[PDB]
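Next up: a single chain in structure tokens, the form deposited in one PDB entry.
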């Protein structure tokens, strides 16, 4: 009972976030009573929370040696092994805990989550249901289940699920517990803004709690640029310097920074994945530091501080791989959110969020903990001009008597190939070459029809767009620019030659009932037309098809293709007529992708950062006619583009040209504007002031 009171106290000091004190109390409990299984297990769990994974494991095992049937110890040990990347060990522990006690809800829940992580959503759903059957009041499992259902577009009892999620959050916030809705998912659910911000705030808080065990004094911050030779030292922190959307967006930025005024440090939180993305940022940043080698957040934060950073840039927010503990320690005087996280941190330790007028209107400053820092056009950027320059121009094959998106060719050497051909006509839009239906045109269509990998014409390499990984797998990933001419066709994807193709290439989770109802209305108004979606994941397809069948759409109206390699995904968007953006959460990376192909995108900005990104893209692009202020307008715009064909041609021509002539894909201009904004942020603070809106 002496030992128990120590243990019970420790448990509460832990509930509180007083980790150091909890650890001490458990140790004292074990000094008093060494064979205390519960204290070993609890101590193990808090060591795990602090990253001491081997030590934890040792205590979990002592706990199990003391009590062989301690299912809880196995379950938590399983989580430790999962944190160590030992999936097999984790499964062994979870399944052992369930064997010991099949009514143990938490174990079922932990098992479900490793199913989810491994790509087995149906089994994850099943285990979360078992968990909730065993323990109907289980917020973590209910909300995790809700996300799985979202991913596969299972909208059974949707509206009740939604308000169930809201009440769960309200209750948890009431009681100052950690909300079971992850901040990153909070945009998908009809929560209030105060709730979205609060959720983020409470998750930020976990980082503050973890760093207090270190007891660091505040860091002292440069007040001028004298020791940096008049250069603003900017630190980009990311787990995504590698093959990840982030790098696909901003890999050129570090090397475009003006070294006369800036000194760029990239802090990677991930190890080198061997990809050209990582190679490029390592090569072009003035300094590159691999913090994945320095897992103690104390020592890593010191490094940032000695480097002398003025502006530290948080590119993760609440995404996989984050180490926001680093920002909690405030190792730099100005700390800003940029690009990677489409929401607020809700945290005190972040000063600004880099955004824009269209994405984050001044009116909604309430929704963010950070001050608004406006880029002048969009805060979004993409590396498409560098990654996919072979898509800057295109030619077509005139299969009948003229379409821009049925049979398409792209290539760095396309001009030379076309010049080798007898009868090429040039359609002014600047222009689109047209290969007439001759023997050449026939050989190409025959390679495609026969699913052959490539052929040669007049000494030029002509590649089947479906076979890029077999020809050059670095060109498929976007790590290299293709060195052959590539052919892309509607027939390759079973798309109709003679109808409008509306597309959306986002993960299926971004779709909701209202959204699919809009799409179905649009398709009913445009007979012939199809909606082109991805198996992202495949098990979402029959759900989408069923809800569409119930809205009165025959099945052939929605066509699914597999997820493609990066370059093919971007290239194949040239086959669509129009992209219908997801209002609940827009295409972000995905939006830049579709626009680079010349494909107009219809969107309806909403009430969250994530639902307004596409509209910002389109604004910067200069295509305000594609932004809807409501559902009727979205449908009307979309029906207009699918029926008024001269208007379609006009609007496509405008996107096709403005992707070059506008700022949207202009990384040099973006970097220079980003540099102005950085100096504004710097003056305002050097002049002794503190964070305030910048517009």
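Residue numbers count along the first chain shown, from 1. If you superpose the two forms and keep the largest set of C-alpha atoms that fall within 1.5 Å, you have the rigid core.
Omitted here: the form deposited with a partner chain bound. The next part is about that form.
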So which stretch, 134 to 142, 229 to 237, 287 to 295, 512 to 520, is the one near the partner chain in the bound PDB entry (non-hydrogen atoms, 4.5 Å)?
-> 134 to 142
Does the partner chain come within 4.5 Å of a heavy atom in each of 384, 403 and 461 in the bound PDB entry?
-> no
The partner chain isn't shown here, but in the bound PDB entry which of 368, 502, 155, 104 has a heavy atom within 4.5 Å of it?
-> 104
In the bound PDB entry, the residue from 352, 128, 267, 327 that sits within 4.5 Å of the partner chain by heavy atoms = 128
Any chance residue 159 has a heavy atom within 4.5 Å of the partner chain in the bound PDB entry?
-> no
Contact flag, residue 85 vs the partner chain in the bound PDB entry, heavy atom cut 4.5 Å | yes
Using 4.5 Å between non-hydrogen atoms, is residue 14 touching the partner chain in the bound PDB entry?
-> yes
Any non-hydrogen atom of residue 656 within 4.5 angstroms of the partner chain in the bound PDB entry | no
So which residue among 641, 626, 43, 664 shifts its CA at least 2 Å between the shown form and the other one once the core is superposed?
-> 43
With both forms fitted on the core, give yes or no for whether the Cα of residue 85 moves by 2 angstroms or more between the shown form and the other one.
-> yes
Once everything's superposed on the core, is residue 650 shifted 2 Å or more at the Cα between the shown form and the other one?
-> no
With the core lined up, does the C-alpha of residue 54 move 2 Å or more between the shown form and the other one?
-> yes
